[PDB]
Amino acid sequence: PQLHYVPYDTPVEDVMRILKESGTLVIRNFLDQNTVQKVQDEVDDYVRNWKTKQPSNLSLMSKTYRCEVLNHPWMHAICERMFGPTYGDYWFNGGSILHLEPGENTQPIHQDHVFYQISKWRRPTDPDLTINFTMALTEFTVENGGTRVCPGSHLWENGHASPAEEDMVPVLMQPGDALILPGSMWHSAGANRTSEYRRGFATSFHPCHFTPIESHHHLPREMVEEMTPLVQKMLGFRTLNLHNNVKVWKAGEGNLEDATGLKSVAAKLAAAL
């Protein structure tokens, strides 16, 4: 296994194969510079007012996050293939700013899926329990604490010791590149030994039958109405389909998004006039 950096236009099949073999990869130019700047602009004061800062609530705080980032075609292409065959639908798990102040120490090496009790029942050949997209806002370098990964460690059995620090491979990214982190990949933020902060931000998704880290039930109705149907489902506003007519997150026997009136209906002609 190896850390691969692939162009945006790499076929989805090839990315899935790299994930299976190596457990992680970087997609270059995952976001353009416009999206990097709009996200920075929308979150920068929230981060400063928040040596590690990880504020979440990103769909509430960032219109670009809820209207654009969560529709990202690479996220959905990967998630449909990782979760679809086994579970059906998937939805958003959590997502935060990943901000390292100058002087921050190395983060403990971990698997993101450790907080699922069912990770103890899972085998390394089973689908992952969650998947994270870690997108660079600043450059990620060795010296500023860019995330480090241990390619192949997603295949280790449960209870395997963490990789040694010397086994960790730093991920070198320009603003807008993204690191893909299945829940089984061992990884960690590095130490920021520079005088400038290192910042990225994440999305993550997991099967529809697992409860997200973050609810979005507190978001204003008006924000929910500006989301696409897909993002409404990602953020907990729609009923979820398993397989063969099995649904969870139902309003009684019907769909939540019908019961809440979230789905658009046509006005009566008289009301329009």
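All residue numbers are counted from 1 along the displayed sequence. Here, rigid core means the biggest group of C-alpha atoms that superpose within 1.5 Å across both forms.
Once the rigid core is used to overlay the structures in 4 other deposited structures of this protein, the stretch among 28-36 and 242-250 whose CA atoms lie farther from this form is 242-250. Coverage remark for residue 66: present in the model in all other entries compared whose chains are built on both sides, leaving no third without it. In the comparison with other entries of the same protein, residue 51 is left without coordinates in at least one third of those covering both sides of it. According to the entry, the stretch of the deposited sequence that connects residue 50 to residue 51 contains 4 to 9 residues lacking coordinates, which leaves a gap of moderate length in the model. The question of which stretch, 196-204 or 99-107, has the higher mean Cα B factor is settled in favour of 99-107. Higher average CA B factor: 216-224, of the stretches 216-224 and 234-242. For the set 46, 210, 30, 65, the maximum C-alpha B-factor listed in the entry falls on 46. Each of 69, 39, 248, 58 has a CA temperature factor in the record; the biggest one is found at 39. Residue 94: CA B factor in the middle third of modelled residues in this chain (values from the PDB entry).
Placement of the Cα temperature factor of residue 117 within the chain: middle third of the modelled residues, per the deposited record.
Per the PDB record, residue ranking by Cα B-factor puts residue 146 in the middle third of the chain.
In this PDB entry, residue 139 carries a Cα temperature factor that places it within the middle third of its chain's modelled residues. Ranked by C-alpha B-factor against the other modelled residues of its chain, residue 16 falls in the lowest third.
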